[PDB]
Amino acid sequence: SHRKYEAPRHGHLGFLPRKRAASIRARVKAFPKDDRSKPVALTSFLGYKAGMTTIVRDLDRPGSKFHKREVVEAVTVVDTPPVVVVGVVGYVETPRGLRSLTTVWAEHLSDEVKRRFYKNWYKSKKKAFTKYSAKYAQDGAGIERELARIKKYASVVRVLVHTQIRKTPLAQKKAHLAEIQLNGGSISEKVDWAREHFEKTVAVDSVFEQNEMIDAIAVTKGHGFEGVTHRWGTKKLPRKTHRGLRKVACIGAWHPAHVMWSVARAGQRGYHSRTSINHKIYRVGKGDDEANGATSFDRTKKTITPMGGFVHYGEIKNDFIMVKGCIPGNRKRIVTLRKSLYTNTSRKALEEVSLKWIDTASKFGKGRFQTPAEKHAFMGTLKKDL
Amino acid sequence: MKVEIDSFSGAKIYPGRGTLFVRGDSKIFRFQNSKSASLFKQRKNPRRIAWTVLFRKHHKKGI
Amino acid sequence: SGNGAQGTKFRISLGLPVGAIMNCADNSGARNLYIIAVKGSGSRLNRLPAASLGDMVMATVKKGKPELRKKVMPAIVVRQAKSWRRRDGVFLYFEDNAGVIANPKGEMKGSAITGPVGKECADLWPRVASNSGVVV
RNA sequence: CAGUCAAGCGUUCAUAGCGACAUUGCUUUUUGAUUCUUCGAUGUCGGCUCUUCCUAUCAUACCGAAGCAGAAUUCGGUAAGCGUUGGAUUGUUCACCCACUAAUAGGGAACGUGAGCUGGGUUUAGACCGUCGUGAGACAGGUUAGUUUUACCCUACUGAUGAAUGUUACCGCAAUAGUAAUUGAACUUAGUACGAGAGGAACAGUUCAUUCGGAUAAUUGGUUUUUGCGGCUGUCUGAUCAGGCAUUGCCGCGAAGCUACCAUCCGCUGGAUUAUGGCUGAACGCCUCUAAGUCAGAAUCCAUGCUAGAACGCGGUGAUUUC
RNA sequence: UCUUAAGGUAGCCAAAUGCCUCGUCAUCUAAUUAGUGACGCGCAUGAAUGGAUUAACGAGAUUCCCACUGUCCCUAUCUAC
RNA sequence: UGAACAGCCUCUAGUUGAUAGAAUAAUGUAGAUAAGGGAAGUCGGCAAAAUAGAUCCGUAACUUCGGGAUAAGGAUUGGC
Ligand SMILES: [K+]
Ligand SMILES: [Mg+2]
Ligand SMILES: [Mg+2]
Ligand SMILES: [Mg+2]
Ligand SMILES: [Mg+2]
Ligand SMILES: [Mg+2]
Ligand SMILES: [Mg+2]
Ligand SMILES: [Mg+2]
Ligand SMILES: [Mg+2]
Ligand SMILES: [Mg+2]
Ligand SMILES: [Mg+2]
Ligand SMILES: [Mg+2]
Ligand SMILES: [Mg+2]
Ligand SMILES: [Mg+2]
Ligand SMILES: [Mg+2]
Ligand SMILES: [Mg+2]
Ligand SMILES: [Mg+2]
Ligand SMILES: [Mg+2]
Ligand SMILES: [Mg+2]
Ligand SMILES: [Mg+2]
Ligand SMILES: [Mg+2]
Ligand SMILES: [Mg+2]
Ligand SMILES: [Mg+2]
Ligand SMILES: [Mg+2]
Ligand SMILES: [Mg+2]
Ligand SMILES: [Mg+2]
Ligand SMILES: [Mg+2]
Ligand SMILES: [Mg+2]
Ligand SMILES: [Mg+2]
Ligand SMILES: [Mg+2]
Ligand SMILES: [Mg+2]
Ligand SMILES: [Mg+2]
Ligand SMILES: [Mg+2]
Ligand SMILES: [Mg+2]
């Protein structure tokens, strides 16, 4: 018989299977559509989620009650030291799909990226790319041949970049290597832009600008095996239920004589790849810039780092991106920031954002001071004498 | 962007921090955290709580 | 929110489900209002309709004038007591839950309001705003 | 539940909407009929929970018709994409009413679903009543009390490893499979169109909200073996200091972590179509959206986008054992 | 008038007994097939097969109210095994 | 301690036995806490919570005059 009361389904059948992602670095599965007219540029960037803080800003939204009034907003800080371009890939179009034709690497690779090619770096003799580095023996004629092949063929060109993980407060030491598509200019122009940027660094302000809407691609926080009450959000069974109430009561009808693929069942929660879109960049901060956290309305001499540092992460010494709201992934997690796939004219986008104040109180408790000077000015002299 | 003052402890309140409580006689109390809110709800005297601004003012500490 | 409501209300945390008895803040003669419905509420299995500040609800009077009792009438919630967050970041709440008897258009049956009134309720309901004394 | 005819109703008028007398069907969600399967047992009502399917569509999209001025309605097409509720009384299916709502449509899945629950009902043995019976006792009559067992196997499903491919490492492709957003209000349009008046829209724009989904923890709240700090009782260590025990002794606060429409953020744009309205245009020297050809066009479809990645689909690239 | 041995008195009641039936009226509620109070041609109430009442008592059945709460809205978190 | 052969701690006496180690997923069994609401849950407040000792106030209907009664409903409580 019928259900007797309609209720929408629990969960989303388009986020299946709820399995662990194949890698800790979620892959960019679609790049912005190329425009040959614009100058050659990167389509995404790599970074590490540091943590969240709070801002206050004036809201510019005519017709809303809070027009020209101050709003408190949560933001997420991503530590984005400049990436290093080390390689270029050529992709040819085939009836079976886009196929890699060849890769060309830079003459010199750093240790933090060479570590990526080893499982046991300390035991190794570190022979990686030693014979490849000999292709630049006389004039790099092999490199020129491969670049010529990429120019002749290869409708799509991507550059291999690696993070500068040594500039982050992380214990990892092993940089993350990723392919980032080049948008703009002809194929030869893209190949050149890779060739004169081998072993050079690319700053985040050359890829992203203020107020821009971007996408965050990251693997979410892991939670291990979860039951259906929290993995799928089903109703808890009554208190009187024999043999357990954190379950689905009926996992199927007698016919079909099987458990459906669409019935909620316990298993792995979290550690899923997620592409979240339409996050507004509130600040592109610079590492070589004291007073990152100072604004026009503030001029309070302070960086972006909270008192005691970002909890479980550390301190921001490099360039950073401030995105409104939250993004998938936890602190210290590698996150890829991608340019918007379409043009957004919703007037929630394309609205210039001017920060008035950035919160730098301690997140390790109920922080009540923004700077040590403020704390000392409030509390006076303590027994601990500096 | 006004820095408010805790009605129990005298702590400075930055935007989004703590709570605001409207009493039945429409008197407004601001609290920087649930500690000040809880002691106020417990009807503790701020003048008898050693770490508050009223206490240090009354006992002339750090002046 | 609803008929006679001036503009739209940004979402307020719901603190008053169906069955809540809230104080009656006007001088109509009623002592409390029993919430039986919320105007503009959605549909979900097992989910109670719940009211917040500035909502029009349908209520009965359990204590008060006998000519007011045993009837269904509209009311507007004027004090919440469940903590809610304004857009400017402040979480706030009152001691009690309070409402005023209204007609469906949004005029108060009584002529005065006892105690404070939420700002969202005053901005939505001009008759409440004009009858009210201190707003928050 | 649907059709054919059309007496009559509908001021005038069979067919806008109805539709008698008749009559043709369809369905299997009622109740019967039958007795083919099961009596070395297929757990026998409902509710709760959860998934999916059907369409004979209540709402939402786009439309055609009206006795369609407007508003509100009614009939109908494509259409099941997406929703279809909170309660009082009843074990109830059903019913009825209160109320919100865009709407509170109808059904199936062994009258879906009891090694999922519950045990209200029904359905052993106790007991009472009424009627019946000489009586023992009977009563889809009422009432009260009455043990709800077993998964560790196989498959299915949810997640998790993994031999083999010269090895090992990194970067990738994308077959296939899945897929998602939904609905309302307020402002403006506008007291405008329309209407004698009474009344009274719509498109474009703007701000919010509902239902759902994905995440996230700066803030607020909750949680506390941080047994972290303090307090308190009883007892014990001669007192003090500092501690034990009271199965986490109790109370206040309590970071971190986890977490809540109890918190915050985010949820794409292209093509081809349906219905329908057309262009050109014969058949049929006229006409005709159709026959050849062709243009718009839906909550539809397929992509874009999103999830997984074939562990017997593939590519690029690094190093490949000097006793 | 017919017929009985005599035709149900006092009481009591849709009652744990009333089929029709969710009886009708009132009250209780926003709404009540539940409860209570009335009514009574009572399928089929009724006088030691005891009738009617009844303070006190009851791990008996039932309805409402106050208090109270994770029963629920709507879940979350912690400890031991 | 306390009204107490209650509960809790200690002395004499006795035992230190019950397969162990590691780790802290889901679902359990036992123990708990919860913002706002407060029975909307359910056949049904089932389960849980709330109350609670002592002192002093104050206690209705009804009654077989004995009760009802700790009715109901309040105030206080440490140490020195
Ligand atoms: K807290
Ligand atoms: Mg059981
Ligand atoms: Mg924190
Ligand atoms: Mg329900
Ligand atoms: Mg047979
Ligand atoms: Mg058999
Ligand atoms: Mg037999
Ligand atoms: Mg079976
Ligand atoms: Mg149809
Ligand atoms: Mg119910
Ligand atoms: Mg069945
Ligand atoms: Mg069973
Ligand atoms: Mg079964
Ligand atoms: Mg039973
Ligand atoms: Mg029996
Ligand atoms: Mg596909
Ligand atoms: Mg969630
Ligand atoms: Mg001992
Ligand atoms: Mg013991
Ligand atoms: Mg023509
Ligand atoms: Mg593979
Ligand atoms: Mg008589
Ligand atoms: Mg009732
Ligand atoms: Mg009665
Ligand atoms: Mg009778
Ligand atoms: Mg007894
Ligand atoms: Mg003594
Ligand atoms: Mg002991
Ligand atoms: Mg033991
Ligand atoms: Mg609570
Ligand atoms: Mg109920
Ligand atoms: Mg019931
Ligand atoms: Mg109990
Ligand atoms: Mg009594």
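Every heavy atom of this structure was used, including side-chain atoms; hydrogens, water molecules and symmetry mates were not. Note on naming: letters A, B, ... go to the chains in the order of the sequence lines (proteins, then strands), and numbering restarts at 1 for each one.
Considering only the side chain of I36(C), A30(E) comes nearest among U259(D), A30(E), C261(D). In the set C170(D), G213(D), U27(F), the nucleotide with an atom closest to the side chain of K119(A) is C170(D). Nearest nucleotide to the side chain of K82(C), out of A217(D), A218(D), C262(D): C262(D). Closest approach to the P17(C) side chain among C208(D), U84(D), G36(F) is made by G36(F) (side chain taken as heavy atoms from C-beta onward). Closest to the side chain of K240(A), from the set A156(D), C43(F), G86(D), is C43(F). The nucleotide whose nearest atom lies closest to any side-chain atom of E179(A) is, among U149(D), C171(D), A156(D), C171(D). Side-chain proximity of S83(C) to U220(D), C171(D), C48(D): nearest is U220(D). Among the nucleotides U207(D), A110(D), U211(D), the one closest to the side chain of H255(A) is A110(D). Nearest nucleotide to the side chain of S100(A), out of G315(D), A110(D), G221(D): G315(D). The side chain of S13(C) has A263(D) as its nearest neighbour among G38(F), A99(D), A263(D).
Within the structure, a side-chain polar atom (N or O) of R61(A) is placed less than 4.0 Å from OP1 or OP2 of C208(D). OP1 or OP2 of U101(D) has at least one side-chain nitrogen or oxygen of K39(C) nearer than 4.0 Å. Between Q42(B) and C253(D) there is a side-chain N or O to OP1 or OP2 distance below 4.0 Å. Between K35(B) and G252(D) there is no side-chain N or O to OP1 or OP2 distance below 4.0 Å. Using a 4.0 Å cut-off, no side-chain N or O of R3(A) falls inside it from OP1 or OP2 of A109(D). One finds no side-chain N or O of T60(C) lying less than 4.0 angstrom from the OP1 or OP2 phosphate oxygen of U29(E). Here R231(A) does not reach the OP1 or OP2 of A26(F): none of its side-chain N or O atoms lies under 4.0 Å away. Taking side-chain N and O atoms only, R9(A) has no distance below 4.0 Å to OP1 or OP2 of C50(D). For the OP1/OP2 pair of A169(D) and a distance below 4.0 Å, the side-chain nitrogens and oxygens of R116(A) include no atom meeting the criterion. The phosphate of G214(D) has neither OP1 nor OP2 within less than 4.0 Å of any side-chain N or O from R269(A). Within the structure, every side-chain polar atom (N or O) of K44(B) is placed at least 4.0 Å from both OP1 and OP2 of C253(D). A close approach under 4.0 Å does occur between a side-chain nitrogen or oxygen of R158(A) and OP1 or OP2 of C173(D). Between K221(A) and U216(D) there is no side-chain N or O to OP1 or OP2 distance below 4.0 Å. Remark: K131(A) is in phosphate contact with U320(D), judged by side-chain N or O atoms under 4.0 Å from OP1 or OP2.
Across every strand in view, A102(D) sits unpaired, with no contact that passes the Watson-Crick or G-U test at under 3.5 angstrom. The nucleotide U21(E) finds no pairing partner, because no Watson-Crick or G-U wobble arrangement with both distances shorter than 3.5 Å includes it. Nucleotide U51(F) forms a pair with no other nucleotide shown, judged by Watson-Crick or G-U wobble geometry with both contacts under 3.5 Å. For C75(D), the paired nucleotide is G64(D), the pair qualifying as Watson-Crick or G-U wobble because both relevant distances are below 3.5 Å. Both distances falling under 3.5 Å, in either a Watson-Crick or a G-U wobble arrangement, occur for no nucleotide opposite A275(D).
The ring of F117(A) has its center closer than 6.0 angstrom to the ring center of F129(A).
A residue-by-residue look at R239(A) and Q80(C) shows that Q80(C) has its nearest nucleotide of RNA chain F further toward the 5' end. Map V18(C) and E95(C) each onto its nearest nucleotide of RNA chain F; the residue landing nearer the 5' end is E95(C).
Between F21(B) and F31(B), the ring planes lie parallel to each other; the angle is under 30°, not in the 30° to 60° tilted range.
Neighbouring nucleotides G200(D) and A201(D) fail the stacking criterion: their six-membered base rings are not both under 5.5 Å apart at the centres and under 30° between the planes. The six-membered rings of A30(F) and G31(F) are stacked: centre distance under 5.5 angstrom, interplanar angle under 30 degrees. Under the 5.5 Å centre and 30° plane thresholds, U149(D) stacks on its strand neighbour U150(D). Under the 5.5 Å centre and 30° plane thresholds, the six-membered base rings of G126(D) and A127(D) are judged to be stacked.
Taking the P atoms as reference points, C54(D) lies 13 Å from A79(D), given to the whole Å. With both ends at atom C1', the span from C314(D) to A174(D) equals 9 Å, rounded to whole Å. Nucleotides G214(D) and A260(D) have their P atoms positioned 12 Å apart, rounded to a whole Å.
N33(B) has its side chain out of reach of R368(A): every pair of non-hydrogen atoms, C-beta onward, lies at least 4.5 Å apart. You'll find the side chain of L160(A) reaches within 4.5 Å of the side chain of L177(A), heavy atoms only.
If you take NE2 of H230(A) and P of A26(F), they are 11 Å apart, rounded to a whole angstrom. In this structure, NZ of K65(A) is placed 8 Å from P of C208(D), rounded to the nearest angstrom.
A positive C1'-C2'-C3'-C4' angle places the sugar of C139(D) in the north (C3'-endo) family. Here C312(D) has a south sugar; its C1'-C2'-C3'-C4' angle has a minus sign. The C1'-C2'-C3'-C4' torsion of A31(E) is positive, so its sugar falls on the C3'-endo, or north, side.
Syn is the glycosidic conformation of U104(D), whose angle stays within 90° of 0. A79(D) shows a glycosidic angle more than 90° from 0 and is accordingly assigned anti. Its glycosidic angle being within 90° of 0, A69(D) falls on the syn side.
Side chain of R333(A) to backbone of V219(A): a donor-acceptor contact under 3.5 angstrom is found.
Pairing check for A54(F) against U76(F): the Watson-Crick or wobble criterion is satisfied, both distances under 3.5 Å.
Counting heavy-atom neighbours within 6.0 Å of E351(A) CD, excluding the residue itself, gives a total above 12.
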Review item, nucleotides 303-307 of chain D N/O atoms under 3.5 Å of protein N/O:
from	atom 1	to	atom 2	distance (Å)
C306(D)	OP1	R338(A)	NH1	2.8
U307(D)	OP1	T275(A)	OG1	3.1
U307(D)	OP2	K29(A)	NZ	3.2
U307(D)	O5'	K29(A)	NZ	3.4
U307(D)	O2'	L16(A)	O	3.0
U307(D)	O2	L16(A)	O	3.1

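In this structure, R69(A) forms a cation-pi arrangement with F66(A), its terminal cationic atom sitting closer than 6.0 Å to the ring centre and no more than 45° off the ring axis.
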